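A.B. asks: Protein chains in written order, with the numbering used here: chain C, 178 to 431; chain W, 163 to 414; chain E, 84 to 336.
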Amino acid sequence: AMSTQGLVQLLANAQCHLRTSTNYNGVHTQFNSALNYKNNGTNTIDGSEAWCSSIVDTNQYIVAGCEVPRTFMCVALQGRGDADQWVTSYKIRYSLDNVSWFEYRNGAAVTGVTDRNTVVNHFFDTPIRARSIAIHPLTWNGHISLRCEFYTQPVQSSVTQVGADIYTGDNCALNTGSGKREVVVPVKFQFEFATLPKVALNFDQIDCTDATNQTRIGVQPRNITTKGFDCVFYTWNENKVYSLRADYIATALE
Amino acid sequence: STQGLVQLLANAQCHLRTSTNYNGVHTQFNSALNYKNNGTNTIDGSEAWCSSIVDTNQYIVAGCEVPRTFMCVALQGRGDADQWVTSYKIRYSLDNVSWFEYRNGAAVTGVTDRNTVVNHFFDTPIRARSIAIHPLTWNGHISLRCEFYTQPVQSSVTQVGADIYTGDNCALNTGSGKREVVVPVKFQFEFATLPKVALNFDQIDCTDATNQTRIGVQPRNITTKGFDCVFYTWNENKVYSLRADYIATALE
Amino acid sequence: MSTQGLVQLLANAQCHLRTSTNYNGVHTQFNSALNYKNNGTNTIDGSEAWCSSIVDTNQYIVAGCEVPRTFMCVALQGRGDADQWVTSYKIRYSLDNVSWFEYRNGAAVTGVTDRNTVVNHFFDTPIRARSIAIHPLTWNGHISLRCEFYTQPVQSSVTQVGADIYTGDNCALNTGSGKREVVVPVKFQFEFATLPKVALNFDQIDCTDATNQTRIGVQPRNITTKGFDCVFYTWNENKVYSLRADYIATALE
Ligand SMILES: *[C@@]1(O[C@H]2[C@@H](O)[C@@H](CO)O[C@@H](O)[C@@H]2NC(C)=O)O[C@H](CO)[C@H](O)[C@H](O)[C@H]1O
Ligand SMILES: *[C@@]1(O[C@H]2[C@@H](O)[C@@H](CO)O[C@@H](O)[C@@H]2NC(C)=O)O[C@H](CO)[C@H](O)[C@H](O)[C@H]1O
Ligand SMILES: *[C@@]1(O[C@H]2[C@@H](O)[C@@H](CO)O[C@@H](O)[C@@H]2NC(C)=O)O[C@H](CO)[C@H](O)[C@H](O)[C@H]1O
Ligand SMILES: [Ca+2]
Ligand SMILES: [Ca+2]
Ligand SMILES: [Ca+2]
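The following block contains the structure:
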């Protein structure tokens with residue numbers, strides 16, 4: 178437990194779809210596959226403390242599929258809780274683009290378990306960047322029966338909106354006067370962010386007069402909310418600015 | 163009351179993991195709100211997810227890889243027998259490492275019959291990836307149908323491209339009037355939908371014209387594959403070079 | 084080869100599968116993947132298909148993806164172990180998971196005529212959606228199928244914006260001549276999973292021309308997953324009092 182501290186337990190957190198090659202029956206399915214899964218020991222009808230295949234050969238597998246790429250640090254294997262069935266060695270295969278698949282260690286066997294309940298962790302030689310990952314049992318005791326977990330680095334999710342060409346107008350109010358002067362253009366995002374975004378807001382067109390050879394121009398967001406922000410174009414000192422244009426990039430996390 | 167919200171289970175937007183299943187026809191396959199099955203055949207099981215162990219340690223977990231704002235959870239009893247959950251607690255996780263309890267684990271009111279849906283709108287919407295219903299009290303058995311209602315999500319894909327350049331002493335450095343130098347840009351991969359493009363200066367080398375600076379950069383002919391980076395000046399200005407970075411984002 | 088280069092969604096476990104009904108617990112969506120085959124010597128593992136419990140025109144299997152996909156093709160296949168198959172169906176889909184639509188306004192699409200011969204349907208126009216559903220309309224024997232959806236590959240990006248990286252007032256660019264720089268180290272709020280690309284552009288400029296010439300620049304150097312150095316610079320005889328920039332850093336896959 179300490180050895181995978183701070184990592185995401187994929188199956189525990191229901192972060193992946195699980196597809197199996199075959200299921201012994203309807204109470205031996207991938208619904209029973211989570212590490213340390215335990216069921217009703219007094220009632221036989223809820224089935225096995227494991228996913229168990231129907232066909233017993235070297236062509237079986239369980240696939241965990243994530244739509245968002247992850248960095249897989251480790252796979253834990255465990256035997257069947259309620260009978261002497263466990264997987265003693267297996268192959269790992271994975272895919273990042275879900276078109277081409279690859280074999281970990283070129284398909285060499287990874288060491289599995291030797292009993293019902295003692296978990297055996299395997300940390301991948303190099304962390305594997307993938308969307309989908311599969312356990313392919315190669316050798317077994319009794320039957321192809323397992324519980325398992327995959328451990329990944331935490332993911333971060335961003336949502337970004339770009340908006341183009343926020344403009345002061347021609348011969349705008351920055352083109353007269355002196356001292357600090359601002360022209361404000363309210364901007365509404367196309368959709369409302371779920372959390373407060375950070376906003377980059379940068380020049381794409383500049384039409385301005387120097388003042389004793391000095392250029393002084395700026396643009397900055399103000400009053401950023403989930404819905405929009407005020408685009409503040411500005412100059413200062415004696416500078417006269419005919420126009421300014423900017424594009425923005427707004428990004429919220431998680 | 164849930165108009166405009168995404169019905170997660172109905173839309174197959176989440177994986178469902180349960181603590182235990184009574185048997186193979188009482189599983190989370192049967193868990194969607196208003197799920198109804200063959201009333202003339204017993205073999206397809208319950209109009210509910212039903213646990214195998216009946217205690218206060220059961221749960222159904224719904225997992226989303228894309229974070230959601232959970233507005234409401236709806237509970238419903240079992241359609242075909244007098245089994246329902248009378249109260250429950252809610253637990254959730256945003257990062258799938260640390261979990262939290264809604265209301266510090268206090269009970270939320272469930273249902274009182276087979277079919278009448280009881281909506282619970284969270285005191286404050288919950289930002290999370292995974293969410294779990296933990297039954298605390300029940301009538302007859304731990305048996306339920308449910309739904310989670312979230313705000314619609316948006317998905318963006320962004321490509322950054324660096325250092326699109328006019329070249330030194332470019333064509334904008336001679337002549338009068340509106341003048342343009344066009345640099346075609348191809349995105350590293352083709353977007354699925356039409357992107358919007360921010361394209362902004364990172365290097366400027368230009369001459370003033372009667373003290374005026376006039377410079378611009380703008381995309382033209384944006385497609386899913388790329389765009390034309392148009393560097394320009396106008397009037398009498400002479401521009402030796404311009405450089406820009408772009409940010410292209412496509413939605414949905 | 085017609086689907087060369089496309090993602091096989093179910094085979095890659097890229098979707099959740101919900102069904103209207105399942106005949107029993109060994110005829111579920113666990114058995115729905117194109118070319119799914121099971122133990123032909125043991126009855127207990129059920130059908131080489133998803134099979135409904137109710138036989139009417141109201142059944143369906145829904146495939147849901149959280150990340151939007153461009154659906155190119157749906158492949159239908161009958162039941163491997165009995166003479167049951169879906170001869171026509173409609174396709175429904177949703178992009179936002181609030182409003183649903185029907186392909187061809189709900190007209191039938193041609194299904195299969197036997198147990199095993201796959202019939203591909205390439206959509207008239209590719210469908211942009213999160214969730215998609217096969218709704219059997221006519222069948223032989225029973226509503227029993229295997230299927231696949233084929234999507235364009237997806238790309239996933241993560242972006243961080245940081246604002247207002249600044250030289251300071253009256254910075255080192257404001258004296259001297261030749262190539263001169265001011266370096267401001269930047270640390271990303273979180274570490275990216277893969278190496279980002281960085282856009283870094285001006286939002287505030289305070290500078291003196293040199294014989295009517297403006298010369299200013301800003302560029303990232305030493306980009307890592309953790310951050311970068313923001314290099315503000317000028318050259319020739321220009322004196323630059325200050326420069327400010329915002330950054331956008333994006334990592335792929
Ligand atoms: C500061 O304004 C000063 C600089 O622009 C300086 C450049 O040589 O010119 C002084 O005359 C300017 N002072 C005034 C009062 O106009 O500019 C920096 C940005 O570079 C900050 O914005 C300061 O707030 C402002 O005083
Ligand atoms: C417009 O061009 C005018 C401005 O640059 C103005 C600044 O004082 O100088 C006038 O000579 C310029 N007119 C011409 C014909 O060069 O600039 C704006 C952008 O600021 C638009 O591009 C207008 O279309 C253009 O006329
Ligand atoms: C190049 O520098 C030249 C330009 O700034 C030019 C503008 O008229 O003026 C020359 O005096 C400059 N040469 C020197 C040695 O300062 O500018 C480009 C970017 O535009 C590159 O940085 C070149 O490396 C540089 O020589
Ligand atoms: Ca622009
Ligand atoms: Ca750059
Ligand atoms: Ca800024």
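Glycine residues also receive a C-beta, built at the ideal position from the N, C-alpha and C atoms.
For the segment 171-191 of chain W, list every residue whose C-beta sits within 8 Å of some C-beta in chain C, in sequence order.
C.D. replies: 176, 177, 178, 179, 180, 182, 183, 184, 185, 186, 187, 189 and 190
A.B. asks: Return the CA-CA distance between residue 163 of chain E and residue 281 of chain W, expressed in angstroms with no decimal places.
C.D. replies: If you number the third sequence from 1, residue 163 of chain E lands on position 80. If you number the second sequence from 1, residue 281 of chain W lands on position 119. In a straight line, the C-alpha of residue 163 of chain E is about 43 Å away from that of residue 281 of chain W.
A.B. asks: Under the rule that 16 or more other beta-carbon atoms within 10 Å means buried, what is residue 201 of chain W, buried or exposed?
C.D. replies: In the second sequence, residue 201 of chain W corresponds to position 39, counting from 1. Exposed.
A.B. asks: Can you find a C-beta in chain C that's less than 8 Å from the C-beta of residue 296 of chain E?
C.D. replies: The residue labelled residue 296 of chain E in the question sits at position 213 within the third sequence. No, no contact with chain C.
A.B. asks: I'd like to know whether the C-beta atoms of residue 246 of chain W and residue 272 of chain W end up nearer to each other than 8 Å.
C.D. replies: Locating residue 246 of chain W in the second sequence gives position 84, where the first residue counts as 1. Locating residue 272 of chain W in the second sequence gives position 110, where the first residue counts as 1. Yes, the Cβ-Cβ distance between residue 246 of chain W and residue 272 of chain W is below 8 Å.
A.B. asks: Straight-line CA distance for residue 102 of chain E to residue 111 of chain E?
C.D. replies: Here residue 102 of chain E corresponds to residue number 19 of the third sequence, with the count starting at 1. Here residue 111 of chain E corresponds to residue number 28 of the third sequence, with the count starting at 1. For residue 102 of chain E and residue 111 of chain E, the distance between alpha carbons rounds to 8 Å.
A.B. asks: Please determine, among W:228, W:219, W:187 and W:222, the residue with the shortest C-alpha to C-alpha distance to residue 432 of chain W.
C.D. replies: For chain W, the structure presents residues 163 to 414; residue 432 of chain W sits outside this window and is missing.
A.B. asks: Roughly how many whole angstroms lie between the Cα atoms of residue 315 of chain C and residue 325 of chain C?
C.D. replies: Start at 1 with the first residue of the first sequence, and residue 315 of chain C comes out as number 138. Start at 1 with the first residue of the first sequence, and residue 325 of chain C comes out as number 148. Computed Cα separation, rounded: 15 Å.
A.B. asks: Is any non-hydrogen atom of ligand 3 found closer than 7 Å to the C-beta of residue 390 of chain C, if you look at the structure I gave you?
C.D. replies: Taking the first sequence and counting its residues from 1, one reaches residue 390 of chain C at position 213. Answer for residue 390 of chain C: no, Cβ out of range of ligand 3.
A.B. asks: For residue 186 of chain C, which residues does DSSP report across the bridge?
C.D. replies: Position 9 of the first sequence, counted from the first residue, corresponds to residue 186 of chain C. According to DSSP, which records beta bridges pairwise, residue 186 of chain C is partnered with C:328.
A.B. asks: Is any non-hydrogen atom of ligand 3 found closer than 7 Å to the C-beta of residue 407 of chain W, if you look at the structure I gave you?
C.D. replies: Translated into the one-based positions of the second sequence, residue 407 of chain W becomes position 245. False, no ligand heavy atom lies under 7 Å from that Cβ.
A.B. asks: Have a look at E:154, E:315 and E:144 and flag the residue whose alpha-carbon is nearest the alpha-carbon of residue 289 of chain E.
C.D. replies: Counting from 1 along the third sequence, the entry for residue 289 of chain E is found at position 206. Here the closest residue by C-alpha is E:315.
A.B. asks: Within the present structure, is the beta-carbon of residue 393 of chain C separated from the nearest heavy atom of ligand 1 by less than 7 Å?
C.D. replies: Position 216 of the first sequence, counted from the start, is the residue given in the question as residue 393 of chain C. Under cutoff, so the answer is yes.
A.B. asks: What does the Cβ neighbour count give for residue 329 of chain E, buried or exposed, with the cut at 16 atoms within 10 Å?
C.D. replies: Looking up residue 329 of chain E in the third sequence gives position 246. Answer is buried; the Cβ neighbour count reaches 16.
A.B. asks: What residue from E:155, E:320, E:293 and E:303 has the CA that sits closest to residue 210 of chain E's CA?
C.D. replies: Position 127 of the third sequence, counting from 1, holds the residue named residue 210 of chain E. Cα-wise, what sits closest to residue 210 of chain E is E:155.
A.B. asks: On the criterion of 16 or more Cβ atoms from any shown chain inside 10 Å, does residue 430 of chain C qualify as buried, or is it exposed?
C.D. replies: Reading the first sequence from its first residue, position 253 is the one you call residue 430 of chain C. Buried, because 16 or more other Cβ atoms sit within 10 Å of the Cβ of residue 430 of chain C.
A.B. asks: Go through its chain and collect everything with a Cβ distance to residue 226 of chain E's Cβ below 7 Å, but skip five positions before and after it.
C.D. replies: On the third sequence, residue 226 of chain E is found 143 positions in, with the first residue counted as 1. If we look at residue 226 of chain E and ignore the five residues flanking it on each side, its Cβ neighbours are 134, 135, 138, 142, 169 and 219.
A.B. asks: How would you call residue 174 of chain W, buried or exposed, if buried means at least 16 neighbouring beta carbons within 10 angstroms?
C.D. replies: Walking along the second sequence from the start, residue 174 of chain W turns up at place 12. The residue is buried, with at least 16 neighbouring Cβ atoms inside 10 Å.
A.B. asks: Any beta carbon from chain A within less than 8 Å of residue 426 of chain C's own beta carbon?
C.D. replies: Looking at the structure shown, chain A is missing, and the protein chains on hand are C, W and E.
A.B. asks: Going along the segment 371-397 of chain C in order, which residues come within less than 8 Å of chain E, judged by CB to CB distance?
C.D. replies: 374, 375, 376, 377, 378, 379, 380, 387, 390, 391, 392, 393, 394, 395, 396 and 397
A.B. asks: Using DSSP's beta-bridge definition, name the partner residues of residue 280 of chain C.
C.D. replies: Taking the first residue of the first sequence as 1, we reach residue 280 of chain C at position 103. In the DSSP output, where bridge partners are listed per residue, residue 280 of chain C has C:270.
A.B. asks: Closer than 7 Å: is that where the CB of residue 384 of chain C sits relative to any heavy atom of ligand 2?
C.D. replies: On the first sequence, residue 384 of chain C is found 207 positions in, with the first residue counted as 1. Flag set: Cβ of residue 384 of chain C near ligand 2.
A.B. asks: Helix, strand or coil for residue 141 of chain E per DSSP?
C.D. replies: By 1-based counting over the third sequence, the position of residue 141 of chain E is 58. In the three-state scheme derived from DSSP, where H, G and I count as helix and E and B as strand, residue 141 of chain E is classed as coil.
A.B. asks: Would you please state the rounded distance, in angstroms, between the beta carbons of residue 188 of chain C and residue 327 of chain C? I believe it to be under 8 Å.
C.D. replies: Looking up residue 188 of chain C in the first sequence gives position 11. Looking up residue 327 of chain C in the first sequence gives position 150. Confirmed, Cβ separation roughly 7 Å.
A.B. asks: Chain E partners of residue 209 of chain W, CB-CB under 8 Å?
C.D. replies: Sequence index remark: in the second sequence, residue 209 of chain W carries index 47 (1-based). Residues of chain E passing the Cβ test: none, with the nearest at roughly 10 Å.
A.B. asks: In three-state DSSP terms, what is residue 361 of chain W?
C.D. replies: In the second sequence, counting from the first residue as 1, residue 361 of chain W sits at position 199. In this structure, residue 361 of chain W counts as strand in the three-state DSSP scheme.
A.B. asks: With DSSP run on the structure shown, which of helix, strand or coil describes residue 292 of chain E?
C.D. replies: For the purposes of this step, residue 292 of chain E is identified with residue 209 of the third sequence, where counting begins at 1. In the structure shown, residue 292 of chain E sits in coil (DSSP, three-state: anything other than H, G, I, E or B).
A.B. asks: Is any heavy atom in ligand 6 found nearer than 7 Å to the beta carbon of residue 274 of chain C?
C.D. replies: Within the first sequence, the letter at position 97 stands for residue 274 of chain C. The answer is no for residue 274 of chain C.
A.B. asks: Please classify residue 128 of chain E: does DSSP put it in a helix, a strand, or coil?
C.D. replies: The residue labelled residue 128 of chain E in the question sits at position 45 within the third sequence. The answer is helix: DSSP assigns residue 128 of chain E an H, G or I state.
A.B. asks: Starting from residue 317 of chain C, trace the beta strand (DSSP E) in both directions and tell me its first and last residue.
C.D. replies: As a working mapping, residue 317 of chain C is identified with position 140 in the first sequence. From DSSP, the beta strand (DSSP E) with residue 317 of chain C extends over 297-318.
A.B. asks: With 8 Å as the threshold, decide whether the Cβ of residue 227 of chain W is near any Cβ in chain C.
C.D. replies: Reading the second sequence from its first residue, position 65 is the one you call residue 227 of chain W. It does: the Cβ of residue 227 of chain W has a partner Cβ on chain C nearer than 8 Å.
A.B. asks: Measure the beta-carbon distance from residue 248 of chain E to residue 409 of chain W and round it to whole angstroms, keeping in mind my assumption that it falls under 8 Å.
C.D. replies: The residue you call residue 248 of chain E lines up with position 165 of the third sequence. The residue you call residue 409 of chain W lines up with position 247 of the second sequence. 16 Å between Cβ atoms; not a contact.
A.B. asks: Going along chain W in order, which residues have a C-beta closer than 8 Å to the C-beta of residue 237 of chain C?
C.D. replies: Position 60 of the first sequence holds residue 237 of chain C. The premise fails here: residue 237 of chain C is roughly 19 Å from chain W at the closest Cβ pair, so nothing lies under 8 Å.
A.B. asks: Should the segment 258-269 of chain E be regarded as contacting the segment 302-315 of chain E, the criterion being three or more beta carbon pairs within less than 8 Å?
C.D. replies: yes
A.B. asks: State buried or exposed for residue 276 of chain C, treating a residue as buried only when at least 16 other CB atoms are found within 10 Å of its CB.
C.D. replies: Along the first sequence, read from residue 1 onward, the residue named residue 276 of chain C stands at position 99. That one is exposed.
A.B. asks: Alpha carbon to alpha carbon, how far is residue 340 of chain W from residue 281 of chain E?
C.D. replies: By one-based count along the second sequence, residue 340 of chain W stands at place 178. By one-based count along the third sequence, residue 281 of chain E stands at place 198. Straight-line Cα distance between these residues: approximately 31 Å.
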